[PDB]
Amino acid sequence: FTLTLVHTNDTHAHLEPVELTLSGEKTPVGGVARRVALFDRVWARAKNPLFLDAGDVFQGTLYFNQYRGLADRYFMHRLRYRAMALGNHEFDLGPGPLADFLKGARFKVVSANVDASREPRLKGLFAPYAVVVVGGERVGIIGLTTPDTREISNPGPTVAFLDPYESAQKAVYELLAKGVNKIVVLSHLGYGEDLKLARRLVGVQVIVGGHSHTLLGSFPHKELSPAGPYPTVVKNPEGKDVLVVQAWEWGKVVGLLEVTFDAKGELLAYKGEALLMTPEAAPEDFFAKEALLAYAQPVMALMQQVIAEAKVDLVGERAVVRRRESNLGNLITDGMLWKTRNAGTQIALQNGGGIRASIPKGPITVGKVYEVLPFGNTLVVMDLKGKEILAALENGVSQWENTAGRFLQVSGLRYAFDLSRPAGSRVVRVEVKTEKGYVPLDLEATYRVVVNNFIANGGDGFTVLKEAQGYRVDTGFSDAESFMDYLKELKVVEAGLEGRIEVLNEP
Ligand SMILES: Cc1cn([C@H]2C[C@H](O)[C@@H](CO)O2)c(=O)[nH]c1=O
Ligand SMILES: [Zn+2]
Ligand SMILES: [Zn+2]
């Protein structure tokens with residue numbers, strides 16, 4: 028039996044194509060219109076195609092701010108997706124909007140480790156796994172959601188997360204008991220976690236994932252540098268091959284993995300490729316393009332409103348903003364201090380996971396600002412003891428190896444951390460910027476800082492900020508609006524590296 032798995036992950040409301048320089052020339056990459064054309068051809072040509080999405084459809088552009096995933100859902104229906112795993116961002120607005128998205132979803136939404144027993148709004152709207160019939164054969168699809176969702180999203184008090192391994196292996200047994208031996212895990216745990224899980228589970232031949240926004244495969248463009256091969260192969264406890272795949276992010280890539288199974292559901296052969304969604308891959312479907320224009324109507328003005336000009340590229344790539352100093356991170360934090368200068372703020376902290384895109388040199392539109400800061404978090408002014416600021420910085424670099432979003436970009440201070448040291452004691456130096464130059468952080472002194480409400484409330488593992496007993500006031504200042512006010516003030520934006528963060532003994 029031959030099955031052709033066609034998949035996407037972390038589309039993050041990026042329905043329009045983006046622009047990248049490929050082989051020495053600005054090229055449009057991604058877009059649902061182009062995906063519709065490609066999928067239509069795969070649907071009528073490929074052998075037993077099965078379309079899947081690994082989660083994180085939610086959060087990323089004005090299309091989400093305006094439709095909360097419903098615009099994406101319309102396209103997912105047109106794209107014939109058969110199953111979708113719940114990602115952490117599907118919980119960003121709590122159970123309410125998630126239920127609205129699931130109510131009417133004509134594809135199977137799965138996650139074996141999401142315990143929603145305490146949430147009536149999600150009853151029967153998703154399942155641990157699904158059984159889909161393809162070419163006369165049954166294929167089981169087990170979903171998994173990163174347990175980190177508890178800290179990185181807003182699932183709320185009615186949703187809990189279970190161990191991926193225990194949940195998945197149980198699902199494998201249930202499927203086998205039903206006579207389904209061809210099983211695929213649709214995971215939102217991360218590439219690294221998928222590789223580890225693949226060495227533990229038995230009965231699973233393929234793991235289609237996301238969460239880490241990992242680019243796998245090979246491309247004819249020197250500008251791209253994949254993190255691994257497509258697919259990546261590991262051995263399970265029984266010495267059998269397990270294929271792990273991912274398709275980068277924002278619909279910029281579509282994965283196509285053709286797997287052949289025997290009667291027992293064992294892997295006989297496999298071939299795959301990560302398809303970069305450029306004009307060469309396929310044209311844009313006419314009607315899908317028109318449909319997107321329909322959705323764009325209420326937010327079109329914002330997408331065209333230029334509020335400033337970037338004289339240099341403002342770097343927002345996750346491998347940068349979540350691991351080292353970023354000039355965009357410096358700009359945003361500078362803006363936070365600027366907006367709250369009337370409050371006497373001296374330091375600004377911003378988690379890199381909250382900076383979602385780069386701003387290439389050129390015009391800066393309102394639409395672009397919301398792609399960079401999509402959450403709608405507000406600025407919170409609070410007094411922190413030096414010890415608390417230090418603890419915050421430590422939490423920020425505590426998961427550097429996993430490129431976690433808690434990493435802190437800063438303004439008003441500089442810090443250096445040693446990666447050869449254990450998590451919790453990596454920050455070796457912290458100095459506050461003053462008129463008389465840099466002064467070592469005083470762990471016993473109090474400093475007025477500005478952060479966003481998500482981390483101020485304890486999100487991203489910032490329990491130290493949630494537990495702070497000092498002065499605390501939510502300004503009500505929107506993050507995006509505040510950043511735009513700063514950009515409008517500057518008019519012509521320039522931002523470079525200022526040695527605010529020093530990475531020592533980096534692997
Ligand atoms: C839900 C939410 C996530 N985030 C960031 C922090 C996490 O590291 C990351 C998880 O995707 O997104 C915010 O900054 N604000 C929010 O409101
Ligand atoms: Zn994501
Ligand atoms: Zn994710």
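Going from the sequence shown to full-length UniProt numbering is simple: count from 1 and add 27.
All residues carry an ideal CB built from backbone N, CA and C; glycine is no exception.
- At least one heavy atom of ligand 3 falls within 7 Å of the beta-carbon of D83.
- In the three-state scheme derived from DSSP, where H, G and I count as helix and E and B as strand, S509 is classed as helix.
- Using a Cβ-Cβ distance cut-off of 8 Å, the segment 79 to 87 and the segment 102 to 120 are in contact, since at least three pairs of beta carbons, one from each stretch, lie closer than that value.
- At a threshold of 7 Å, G114 counts as near ligand 3, since its beta carbon sits closer than that to one of the ligand's heavy atoms.
- Rounded to the nearest whole angstrom, the CA to CA distance from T430 to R349 is 6 Å.
- Set against 7 Å, the gap from the CB of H41 to the closest heavy atom of ligand 2 is not smaller.
- The residues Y192, in chain order, have a CB closer than 6 Å to that of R227 in the same chain once the five nearest residues on each side in sequence are set aside.
- Between the alpha carbons of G356 and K460 lies a distance of about 17 Å.
- Contact annotation: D99 and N181 have beta-carbon atoms that are not nearer than 8 Å.
- About 5 Å separates the Cβ atoms of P124 and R95, confirming a contact at the 8 Å cut-off.
- Closer than 7 Å to some heavy atom of ligand 3: that describes the Cβ of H238.
- Between ligand 3 and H34, a heavy atom-to-CB distance of less than 7 Å is absent.
- Within the DSSP bridge table, the entry for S214 names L171 as partners.
- Boundaries of the beta strand (DSSP E) around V271: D268 to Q273.
- Cβ-Cβ distances below 6 Å link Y513 to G362 and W365 in the same chain, with the five nearest sequence neighbours on each side left out; the list follows chain order.
- With respect to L65, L284 sits apart: the two C-beta atoms are not nearer than 8 Å.
- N181 has its CB nearer than 7 Å to a heavy atom of ligand 1.
- Contact check for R61 against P44 passes: the beta carbons are separated by less than 8 Å.
- Just measuring C-alpha positions, the residue of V260, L243 and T287 sitting nearest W275 is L243.
- A distance of 8 Å or more separates the beta carbons of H34 and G278.
- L319 sits away from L376, with the two beta carbons spaced by 8 Å or more.
- In the assembly as shown, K74 is an exposed residue. Its beta-carbon has fewer than 16 other beta-carbons within 10 Å.
- By the C-beta criterion, the segment 388 to 400 is judged not to be in contact with the segment 409 to 420, since fewer than 3 inter-stretch pairs fall below 8 Å.
- Distance check between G163 and each of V141, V260 and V207 places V207 closest, using alpha-carbon atoms only.
- If you draw a straight line from the Cα of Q373 to the Cα of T367, it comes to about 9 Å.
- For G389, no alpha helix (DSSP H) segment is defined; the enclosing uninterrupted segment is the beta strand (DSSP E) at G389 to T392.
- Taken in chain order, the whole alpha helix (DSSP H) runs of length 4 or more contained in the segment 394 to 451 are 413 to 424.
- Annotation for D99 indicates a beta carbon at 7 Å or more from all heavy atoms of ligand 2.
- Pairwise C-beta distances place the segment 444 to 454 out of contact with the segment 379 to 391, as fewer than three of them are shorter than 8 Å.
- For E52, the closest of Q331, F444, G432 and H248 by C-alpha to C-alpha distance is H248.
- When secondary structure is reduced to three states using DSSP, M363 falls in the helix class.
- Leaving aside the five residues that flank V326 on each side, the residues in its chain whose CB is nearer than 8 Å to its CB run, in chain order, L89, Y90, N92, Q93 and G394.
- Beta-bridge partners assigned by DSSP to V235: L213 and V272.
- For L446, the closest C-alpha among the options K463, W427 and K262 is that of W427.
- Between ligand 3 and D410, a heavy atom-to-CB distance of less than 7 Å is absent.
- Rounded to the nearest angstrom, the gap between the Cα atoms of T29 and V339 is 49 Å.
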